[PDB]
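Asks: in their complex positions, the first chains:
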Amino acid sequence: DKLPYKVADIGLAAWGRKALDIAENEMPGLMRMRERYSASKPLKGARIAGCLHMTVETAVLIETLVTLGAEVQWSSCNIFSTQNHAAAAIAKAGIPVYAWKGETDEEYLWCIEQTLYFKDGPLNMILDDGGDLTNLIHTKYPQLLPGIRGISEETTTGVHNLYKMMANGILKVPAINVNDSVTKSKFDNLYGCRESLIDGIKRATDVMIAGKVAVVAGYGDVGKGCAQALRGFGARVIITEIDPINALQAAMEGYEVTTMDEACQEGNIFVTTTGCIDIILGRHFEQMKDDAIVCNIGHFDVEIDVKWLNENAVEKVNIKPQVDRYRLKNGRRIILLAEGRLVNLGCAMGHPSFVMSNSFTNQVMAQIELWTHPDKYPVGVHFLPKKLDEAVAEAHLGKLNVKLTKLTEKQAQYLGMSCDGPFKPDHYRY
């Protein structure tokens, strides 16, 4: 057969709505999209296979896609990031969901698969976060490929692979790079983490940030957010980078920039925002100070060599779900969070509802683009139009009661731009 869905406890449905209900009032974006397309049903006929953290926010997105008329089946893009009551709320809504906090690698893979086939055929669209879905299809379901009209990726690591794939003649379906949409990378990634990272750490450890030395590997949008968040509370943030520019920026902002080999001997807290392997190794673990807290916030759990801890620790006491305290041979201890998996979602609730409205609004627009205007996106990866990007941002000004200035006719000409149309060059970096 096939289960109509699978969640931890459908009973949480009630509380699920509670949360969604409130999150919707924080997401003027998605809500704006709904009241503008609920009638036209632009996504009619679309069979969207989603593989993005099953959280309250995500649920508002999921229902938005539905209100626009697209069949939808969903699974999380991480085994710990699912929020059960939100998962349940959606299941109860009659939408196939396959996620629950605490999946196993097998169950993870199992869920994605359950979303591939619909009652009337295979997926038409892919709304991915990390590239796992799009990667699975290209590698295990190449047959469904010519049946898919477009890919819509949301995070940096996912988009990174999309470019790699296209670059290697492997990308077989048009995809839109939502992450690098201004109102996403420069808000979600930055502002989002600035608030969710500490959240995850706190809920998991309740340790005081102030007065401690935190080490943050990477100074990209996510690094910048985490770093600022930490010192905001009184921690002395030390930063590592491989890129001169990012590195110089850190130093210009007042952070000491060094190598992990050095900083591993000072940090009381470690956060990897890098997008790559081998950031914190045994060499590092062994020199850390007693009870140093190690966690990652990159998409994939590959930056912290957790296995070395399981394989070299004299003990592994588990304090609570997603929190294990190791005792190395030297006698000192180390607190590892969410087993190296992105801590904000694993140990907290991820990003706040508001900033997520931005990410997801871009996400919905992307889906509408690929589905309603296929002939406008050749196989490859594209960006949403700047004018749409500005729109996303404009949509959240009212909620924050921001009064925008309207460029006068006289001024618009001087500047040589529409008092409405695009306000900046494609290369503008905001």
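Replies: Everything's here; your move. Residues are numbered from 1 along each chain as shown, chains lettered A, B, ... in the order given.
Asks: so where do the strands sit in the stretch 51-200 of chain A?
Replies: Counting by DSSP state E, counting those that start in this stretch, the stretch 51-200 of chain A has strands at residues A:71-75, A:97-98, A:117-118, A:121-122, A:125-128, A:150-153, A:175-177.
Asks: what's the longest helix seen in chain A packed up against?
Replies: Secondary structure of chain A per DSSP state H: the longest helix is helix A:353-372. With contacts defined as 3 or more C-beta pairs under 8 Å, 6 or more residues apart in numbering; DSSP states H and E, the packing partners of helix A:353-372 are helix A:28-37, helix A:56-67, strand A:125-128, strand A:150-153, strand A:175-177, helix A:182-184, helix A:386-394. Heads up, the C-betas are built off the backbone N, CA and C, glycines and all.
Asks: out of these, nearest to residue A:78?
Replies: With C-beta to C-beta, the closest approach to residue A:78 among the helices and strands packed on helix A:353-372 belongs to helix A:56-67: 11.5 Å.
Asks: just want the angle from that closest one to strand A:71-75.
Replies: Counting by axes from the mean of the first three to the mean of the last three C-alpha atoms, to 10 degrees, helix A:56-67 lies at 160 degrees to strand A:71-75.
Asks: for helix A:56-67, the distance to its chain's centre please.
Replies: 16 Å (C-alpha atoms, centre = their mean, to the nearest Å).
Asks: which neighbouring elements make contact with it?
Replies: Counting by 3+ C-beta pairs under 8 Å, 6+ apart, helix A:56-67 packs on helix A:13-24, helix A:28-37, strand A:47-51, strand A:71-75, helix A:84-92, helix A:353-372.
Asks: dump these into CSV; add mean neighbour count and distance to residue A:395 as well.
Replies: Below are those laid out as CSV (neighbours: other C-beta atoms under 10 Å; distance: least, C-beta to C-beta, whole Å):
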stretch, mean neighbour count, distance to residue A:395
helix A:13-24, 17, 14
helix A:28-37, 20, 5
strand A:47-51, 27, 22
strand A:71-75, 26, 22
helix A:84-92, 26, 23
helix A:353-372, 25, 6
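Asks: CSV please, covering those and showing distance to residue A:255.
Replies: As requested, these are exported to CSV (distance: least, C-beta to C-beta, whole Å):
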stretch, distance to residue A:255
helix A:13-24, 33
helix A:28-37, 32
strand A:47-51, 35
strand A:71-75, 38
helix A:84-92, 36
helix A:353-372, 23
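Asks: go ahead and add chain B:
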Amino acid sequence: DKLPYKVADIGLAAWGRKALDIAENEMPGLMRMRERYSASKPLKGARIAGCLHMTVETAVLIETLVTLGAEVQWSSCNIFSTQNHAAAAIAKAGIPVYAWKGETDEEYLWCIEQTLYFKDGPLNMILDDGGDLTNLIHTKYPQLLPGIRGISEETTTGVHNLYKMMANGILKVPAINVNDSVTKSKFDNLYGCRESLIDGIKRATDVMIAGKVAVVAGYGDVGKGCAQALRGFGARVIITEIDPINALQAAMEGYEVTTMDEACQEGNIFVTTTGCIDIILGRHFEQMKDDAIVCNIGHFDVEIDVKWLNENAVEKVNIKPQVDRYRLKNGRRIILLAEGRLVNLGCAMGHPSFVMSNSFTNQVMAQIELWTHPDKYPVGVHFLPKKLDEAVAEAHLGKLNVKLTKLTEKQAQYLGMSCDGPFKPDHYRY
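Replies: So that you can see how it sits with the rest, here is chain B on the chains above:
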């Protein structure tokens, strides 16, 4: 008879230790006190009645008092601030505890009472936080009074009443003002809140701070912490004050200072750090923007007229424990947290372990002072000696790896002070 204690679930004992175990490694202060007095047992014979938030930190304190040899019976100073696993851990330790998250006003009062009498007589000491215990005895057990050797108060509201009582010839036992001990008011109150306030709000609402207008009533140590914490995340903090100095300080720090009547029409988040009644009234509730989040962090729940909400709201949907969303007659909604009770403890875990080591170290010193040197404290309220106060702070430097400078002989003379003894005048304000 008399129950040996009363907690939500003794089963949490295991996890309780987990937490205490880790919190102890963050509290070099209390731990320093233990390894210095565990032998001498300076508190031998003392029968301490404690009435302070039953949290993990508190538990480390409780056991510290015990290691010093004082019989102890405990209850929380607030019905929502108790942390059950920590409560349990202590119960299982054979220490009478009477607290659990979610007590009722009656149960609250019931618990305190259960700590008054010990197996060998009434309390010798009072370790209070808020003045409820000391107030109860002076008003309902004046008979036990001449049996008590000293009071040790920890928070601003408690200490405020101590001065009021002494000033009205009602204070009948020597008390020490721990709150106004430098390393307490200027750290716990300030730094503590800076990290715990957002914690409580987040866990309770997961709302984004950035881009919103937060209103903070009061700019004292607690106000300063909350305000800084909020803008730290990107909120536009508006402040109210009745004191010119505090007011001027705010403005000097860049915050707009106004009256609640004005700010009530702008805030998306409201936090009362005042120590008094009638801060946010119906007048205010009615003008707030949709879904404004209202919470208090003052000791007593008297700053927000919650009753007006229960009495004038068209609805009261309860989202989750300690979170109720009202819908006024005007149609807009209001999210009230912990029913007006101090949000950091009610909706989170309160202050981080580290900063609390400071507060509590002063607390232990106070107890030792009153109990071992009664003849040194006449009826009235006193401060710990500055040299002891400096000690508290010194005790936490190693943990943060701070290398202090030792005033040279030549310099100590120039400055006219002991290279060891007090480094500043009693009036120094740090």
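Asks: what about what packs on helix A:353-372 again, now that chain B is present?
Replies: Packing partners of helix A:353-372 (3 or more C-beta pairs under 8 Å, 6 or more residues apart in numbering or on different chains; DSSP states H and E): helix A:28-37, helix A:56-67, strand A:125-128, strand A:150-153, strand A:175-177, helix A:182-184, helix A:386-394.
Asks: now distance to chain B too, for the ones you listed, in a markdown table please.
Replies: Listed next are the helices and strands packed on helix A:353-372 as a markdown table, based on distance: least, C-beta to the nearest C-beta, whole Å:
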| stretch | distance to chain B |
| --- | --- |
| helix A:28-37 | 11 |
| helix A:56-67 | 8 |
| strand A:125-128 | 23 |
| strand A:150-153 | 23 |
| strand A:175-177 | 24 |
| helix A:182-184 | 13 |
| helix A:386-394 | 11 |
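Asks: reformat these as CSV; add distance to residue A:314.
Replies: Formatted as CSV, those follow (distance: least, C-beta to C-beta, whole Å):
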stretch, distance to residue A:314
helix A:28-37, 49
helix A:56-67, 40
strand A:125-128, 41
strand A:150-153, 42
strand A:175-177, 46
helix A:182-184, 44
helix A:386-394, 51
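Asks: one step back: C-terminal to the longest helix of chain A, what's the next element?
Replies: Going down the chain from helix A:353-372, the next helix or strand is strand A:381-382, by DSSP states H and E.
Asks: roughly how far is that following strand from the heart of the chain?
Replies: Using C-alpha atoms, centre = their mean, the offset of strand A:381-382 from its chain centre is 19 Å.
Asks: for it, which strands pair with it and how are they oriented?
Replies: strand A:175-177 (parallel) (DSSP bridges).
Asks: sorry, back to before: now do the longest helix of chain A against helix A:28-37, angle only.
Replies: On the basis of the same axes, to 10 degrees, helix A:353-372 is oriented at 40 degrees to helix A:28-37.
Asks: and the angle for helix A:353-372 with strand A:47-51?
Replies: Going by the same axes, to 10 degrees, helix A:353-372 makes 140 degrees with strand A:47-51.
Asks: relative orientation of helix A:353-372 and helix A:13-24 in degrees?
Replies: Going by the same axes, to 10 degrees, helix A:353-372 makes 90 degrees with helix A:13-24.
Asks: and stretch A:401-421, what's buried?
Replies: A:407, A:412 (16 or more other C-beta atoms under 10 Å in any protein chain shown).
Asks: isn't residue A:404 up against residue A:398?
Replies: No: using C-beta atoms under 8 Å, residue A:404 makes no contact with residue A:398, being 9.7 Å away.
Asks: contact partners for the most centrally placed residue in chain A?
Replies: Centroid check for chain A by C-alpha atoms, centre = their mean gives residue A:155 as the closest residue, at 5.3 Å. By C-beta atoms under 8 Å, 6 or more residues apart in numbering or on different chains, residue A:155 lies in contact with A:129-130, A:179, A:299.
Asks: throw chain C on there as well:
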Amino acid sequence: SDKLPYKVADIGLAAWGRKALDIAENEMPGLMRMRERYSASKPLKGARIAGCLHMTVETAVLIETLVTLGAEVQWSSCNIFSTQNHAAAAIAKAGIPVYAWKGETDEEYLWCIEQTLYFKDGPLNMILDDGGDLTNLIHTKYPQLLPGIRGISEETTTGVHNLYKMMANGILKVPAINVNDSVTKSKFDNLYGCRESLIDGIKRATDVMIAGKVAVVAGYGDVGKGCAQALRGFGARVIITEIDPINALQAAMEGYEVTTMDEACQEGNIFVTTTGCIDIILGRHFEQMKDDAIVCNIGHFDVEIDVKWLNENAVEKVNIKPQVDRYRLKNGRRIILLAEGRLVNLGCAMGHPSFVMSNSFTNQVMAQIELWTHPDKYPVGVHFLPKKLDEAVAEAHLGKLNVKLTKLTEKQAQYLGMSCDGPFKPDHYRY
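Replies: Adding chain C to what we have so far:
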């Protein structure tokens, strides 16, 4: 021949000029790195560079760097108030034609530029511009020297804006490089630079306390962001105006109240225009400001503040000191205008600190080398330096700040699919 070998306020300042350059050079590891790498090869040999960029100490180090690389150079400032005389003199004394001095007149300004167009062996080969005045003058009054010019190198946002406008209207006739939008320029000079120079200009001109006041900053671009942060850094309540949703949203996300000038004009004690356009602060605004509100601009051209309305409607105009005039409007209240609407950091102070400027200028030198040594690589139009060169600029200043960079391991470089040396990010990366 009559042509003056140069023209500065006082050649006597030459001594002190060196003093300053001497110290600035030790803050500009970039330019200094360029010198010890090309002083021999003389890559700019044969180039006749006509520079039109603020004649400041920093600029002087650049000027000599170009020379060390072997390019004849003639210079003038791109603003009548931004020249630093001792730096101007040092260069004159060095035998390099300079035509600038603090306090030029519109005519003198134009006069200076012209004096740099022709060299002892013919017209300019290159244009190093800041603002587009030089490149604009040639295209409009010397179109025939045009086919003699090999490349344009622009440095500021307003200049680059016109370059795109010109190309877009088939008017751009020489290859130009957009230095401003080079990552290590726009995201450092514009941002970090102002963050430190704006307050400088205001302070030296007024010595007013920032803390406790309401400052209004029009625009939240790289320059706006810098100014805003600088102001609240000192305790001022920064209010921001914007026409762009994104920039606007960012401000709000950073905690600044975003409104319209019409509203904020009634609250500000300090006003700073970082916009790049006309009509930002008008009479409507001036009339509602609070007593002694301080108004200043930091955009390249003095067109954002309607200064003329003040000269034409003020009951008084007392001049406190050079570049500082205090007006008294008919309503009785007063208004303090700085540098007559001209970019305050340079007009009332010394502009950006030496260090961050090393970045800007290093890009500038690289640009010149590119256009001059590899013409066939730049068609008529505006281009960006290669990201790898851009990263280089930044890398060059890491040693001075003692930053230890991490070297991507072989194993890692592959996972990431990038050279442990080559470009570390996509062309669209926004840092």
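Asks: same as before for what packs on helix A:353-372, with chain C this time.
Replies: helix A:28-37, helix A:56-67, strand A:125-128, strand A:150-153, strand A:175-177, helix A:182-184, helix A:386-394.
Asks: follow-up on the earlier one: for residue C:288, see how far away the residue nearest to the centre of chain A is.
Replies: 47 Å (C-beta to C-beta, to the nearest Å).
Asks: need the helices and strands packed on helix A:353-372 in a markdown table (columns: distance to chain C).
Replies: Below are the helices and strands packed on helix A:353-372 laid out as a markdown table (distance: least, C-beta to the nearest C-beta, whole Å):
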| stretch | distance to chain C |
| --- | --- |
| helix A:28-37 | 11 |
| helix A:56-67 | 17 |
| strand A:125-128 | 19 |
| strand A:150-153 | 14 |
| strand A:175-177 | 8 |
| helix A:182-184 | 6 |
| helix A:386-394 | 4 |
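Asks: leaving out sequence neighbours, find the closest residue to residue A:101.
Replies: Leaving out its chain neighbours, the residue that sits closest to residue A:101 by C-beta to C-beta, 6 or more residues apart in numbering or on different chains is residue A:82, at 4.8 Å.
Asks: what does the one you found show for phi and psi?
Replies: phi -70, psi 140 (degrees, to the nearest 10).
Asks: which residues touch it?
Replies: Per C-beta under 8 Å, 6+ apart, neighbours of residue A:82: A:8, A:53-55, A:76, A:99-101, A:103.
Asks: would you mind listing what in the stretch 51-200 of chain A touches chain C?
Replies: A:160, A:163-164, A:180, A:182-183, A:185-187, A:191 (C-beta under 8 Å from any C-beta of the partner chain).
Asks: check the residues you listed and tell me the two furthest apart.
Replies: Using C-beta to C-beta, those span at most 27.5 Å, a distance reached by A:164 and A:191.
Asks: which one of the two is surrounded by more residues?
Replies: residue A:191 (30 against 14; other C-beta atoms under 10 Å in any protein chain shown).
Asks: residue A:234 contacts residue A:213, correct?
Replies: No: at 11.1 Å, residue A:234 does not count as touching residue A:213 under the criterion of C-beta under 8 Å.
Asks: the two - which one has more neighbours?
Replies: Neighbours per residue (other C-beta under 10 Å) separate residue A:234 from residue A:213, with residue A:213 holding more: 21 against 16.
Asks: returning to that earlier point: closest to chain B out of the residues of the stretch 51-200 of chain A next to chain C?
Replies: Set against chain B, the nearest of these by C-beta to the nearest C-beta is residue A:191 (5.3 Å).
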